[PDB]
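Rule-based calculations on the coordinates, nothing more; no lab input. All Cβ positions, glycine included, derive from the backbone under ideal geometry; neighbour counts span all protein chains shown.
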Amino acid sequence: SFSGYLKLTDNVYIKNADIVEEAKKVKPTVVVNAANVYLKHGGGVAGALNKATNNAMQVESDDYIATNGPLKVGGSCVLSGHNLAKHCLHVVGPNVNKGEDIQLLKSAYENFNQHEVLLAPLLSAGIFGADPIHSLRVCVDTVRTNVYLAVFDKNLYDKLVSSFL
Ligand SMILES: Cn1ccc2c(-c3ccc(C(=O)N4CCOCC4)o3)ccnc21
């Protein structure tokens, strides 16, 4: 199914790739979105996944929020994967630029354990402002199911690999 991944642990794998491109190729059962509590898919991974759905993901998401209200930081919901995947798991990692508590990162990753296999980004990295190296440590220390991590930036990929303990 997946390919070109480096194995980090028994269950965690990583690759230098565009998560949208990976999703489009693999069409996995579950792709993880790096969402906010409003499911406003404006930038980063969410902006790119949404754009690849021709905005279908935002329309669905808007209906979800109208019905159920916002998520919590550290929480998730399962929505349609649209053209990218069977399902999308929207997970809200803390945004430290908004002062959100980093301890909620472990909670965010715990969501992954409800799914046997996921394609995912590193949570709370990029514009969420946390250190990607930390994020990856929490990932491997929390996730017990099979996770294929897509890291867009090659320099960051190299640093994550070369620094992995
Ligand atoms: C299409 N697309 C957009 C984001 C993204 C990611 C992802 C999340 C965080 C990083 C990351 O590599 N950074 C971005 C630039 O340097 C800072 C952190 O990668 C994973 C896969 N595809 C993606």
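Does the range 48-74 hold any residues that are buried (at least 17 other Cβ atoms within 10 Å of the Cβ), in a loop (DSSP other than H, G, I, E, B) and away from the ligand (no atom under 16 Å from the Cβ), and which are they?
Passing the criteria: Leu71, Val73, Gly74.
Can you find, within the range 18-38, the residue that is nearest to the ligand (Cβ to nearest atom) among those that are more than 13 Å from the chain's Cα centre (by Cα) and closer than 20 Å to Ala125 by Cα?
Narrowing the range 18-38 to residues more than 13 Å from the chain's Cα centre (by Cα): 21, 24-29, 37-38.
The next check asks that each one be closer than 20 Å to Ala125 by Cα; those that pass are 21, 37-38.
Numbers: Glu21: 8, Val37: 18, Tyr38: 19 Å.
Among them, the one singled out is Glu21.
Would you check which residues across the range 27-47 are hydrophobic (A, V, I, L, M, F, W, C) and buried (at least 19 other Cβ atoms within 10 Å of the Cβ) and list them? Step through it out loud before you land on a result.
First, the residues of the range 27-47 that are hydrophobic (A, V, I, L, M, F, W, C): 30-32, 34-35, 37, 39, 45-46.
Listed by number, the residues that qualify are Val30, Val31, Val32, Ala34, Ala35, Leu39, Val45, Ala46.
Please determine, by comparing only the residues of the range 136-159 that are surrounded by 15 or more Cβ atoms within 10 Å (Cβ to Cβ) and near the ligand (Cβ under 9 Å from one of its atoms), which one is nearest to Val12 (Cα to Cα).
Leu149
Scan the range 109-127 residue by residue and report those that are in contact with a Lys or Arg (Cβ under 9 Å, 6 or more places away or on another chain) and surrounded by 15 or more Cβ atoms within 10 Å (Cβ to Cβ).
Of everything in the range 109-127, just one residue is in contact with a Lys or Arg (Cβ under 9 Å, 6 or more places away or on another chain) and surrounded by 15 or more Cβ atoms within 10 Å (Cβ to Cβ), namely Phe112.
Pull up the range 110-135, narrow it to residues that are touching a residue at least 60 places away in the same chain (Cβ under 8 Å) and over 14 Å from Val91 (Cα atoms), then point me to the one that is nearest to the ligand (Cβ to nearest atom).
Looking at residues that are touching a residue at least 60 places away in the same chain (Cβ under 8 Å) and over 14 Å from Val91 (Cα atoms), I get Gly126.
Please tell me if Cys77 is over 22 Å from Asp153 (Cβ atoms), under 16 Å from the mean Cα position of the chain (by Cα) and more than 16 Å from the ligand (Cβ to nearest atom).
For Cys77, the condition - over 22 Å from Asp153 (Cβ atoms), under 16 Å from the mean Cα position of the chain (by Cα) and more than 16 Å from the ligand (Cβ to nearest atom) - is met.
Looking at the range 115-141, which of its residues are of a type outside the set (A, V, I, L, M) and over 14 Å from the mean Cα position of the chain (by Cα)?
Scanning the range 115-141 gives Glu116, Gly129, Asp131, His134, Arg137, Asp141.
Quick check on the range 18-60: of everything there that is small (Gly, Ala, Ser) and in contact with a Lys or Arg (Cβ under 9 Å, 6 or more places away or on another chain), which residue is nearest to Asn111 (Cα to Cα)?
Restricting to residues being small (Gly, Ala, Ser) and in contact with a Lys or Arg (Cβ under 9 Å, 6 or more places away or on another chain), the top hit is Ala46.
Looking at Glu100, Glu110, can you tell me which residue is within 13 Å of the chain's Cα centre (by Cα), acidic (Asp, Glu) and over 24 Å from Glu21 (Cα atoms)?
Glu110
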